[PDB]
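Given next, in structure tokens, is a single chain: the form deposited in one PDB entry.
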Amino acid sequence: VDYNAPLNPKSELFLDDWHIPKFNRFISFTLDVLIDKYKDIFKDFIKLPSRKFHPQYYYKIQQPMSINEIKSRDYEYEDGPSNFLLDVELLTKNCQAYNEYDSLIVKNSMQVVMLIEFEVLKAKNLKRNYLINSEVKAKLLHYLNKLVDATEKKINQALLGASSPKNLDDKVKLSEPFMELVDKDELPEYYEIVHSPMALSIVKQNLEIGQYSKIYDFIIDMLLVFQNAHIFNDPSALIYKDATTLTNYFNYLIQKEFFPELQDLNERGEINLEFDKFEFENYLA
């Protein structure tokens, strides 16, 4: 287990210099909410495994970790955000080091980390977590369609420019297997493992009808679609690779095209950017 290596070294959670005010209060508040919401997923990660019954665990694992331990720690200092995230990621790193990779407990450990990091992502971005009004919805829809229509050639052109590989397919939509959920009767194990299923057709319908209140509500469901493929499938699987590619392309669209377009339009007085701040700082109390 490499503690210092982020699971995703290019995530904005690691690249951006962010801090949340009263971060300790944020952390315990947020973790408690998740524990209550996802009781079955989280229950195995609240306490460290007993020393008395787990000798080989404490042989194998250099930095034992639990949600209780994280809740007990201080993160209100410069490197706090990164240390918190790395402490959280130990929850799955240690589990993967100790148990069989395919195990339910390992898949659960990954979803614990994913759900925690989704809450951090929302909180880190209060400054730009605008209300989805008519204008914002229209723009999000275009970017969603751009992602859905993306081919290997287009994505690589966007991400790598002149450094893109040369052969690349410009026909097949990488989105295809993410559009619809698998039939529950054909693959019941999917629903036993993946606890919050999501598919791109569903996210699009949600956006079209106004089910997402704020930008990051939409963003998280999009990330959930791709991350669930990383949970269910082996890293060696082609779909796992495509999930990575689509995650990176989506993040590129949001950061490099979508948010800059909102800023340009706002500066030119062509868009209203507003907030619903309900519970933005609920953790402060």
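When you see a residue number, it is the position in the sequence shown, counting from 1. If you superpose the two forms and keep the largest set of C-alpha atoms that fall within 1.5 Å, you have the rigid core.
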query: Average Cα temperature factor in the PDB entry - higher stretch of 165 to 173, 208 to 216; finding: 165 to 173
query: Stretch exceeding the other in mean C-alpha B-factor - 149 to 157, 78 to 86; finding: 149 to 157
query: Options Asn108, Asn125, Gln96, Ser201 - largest CA temperature factor per the record; finding: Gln96
query: From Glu189, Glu135, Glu119, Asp185, residue of greatest CA B-factor; finding: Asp185
query: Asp234 - Cα temperature factor, lowest/middle/highest third of chain; finding: highest
query: Assigned third (lowest, middle, highest) for the C-alpha B factor of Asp276; finding: middle
query: Where the record places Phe258 (Cα B-factor, split into thirds across the chain); finding: lowest
query: Third of the chain, ranked by Cα B-factor, where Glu270 sits; finding: highest
query: For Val33, the third of its chain into which the C-alpha B factor falls; finding: middle
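There is another form of this protein, the form deposited in another entry, and it is not shown here; the text below is about that form.
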property	result
Core-aligned C-alpha movement of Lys39 between the shown form and the other one reaching 2 Å	no
Exceeds or equals 2 Å, Cα of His54 between the shown form and the other one, core fit	yes
Core fit, then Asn145 C-alpha moves 2 Å or more between the shown form and the other one	no
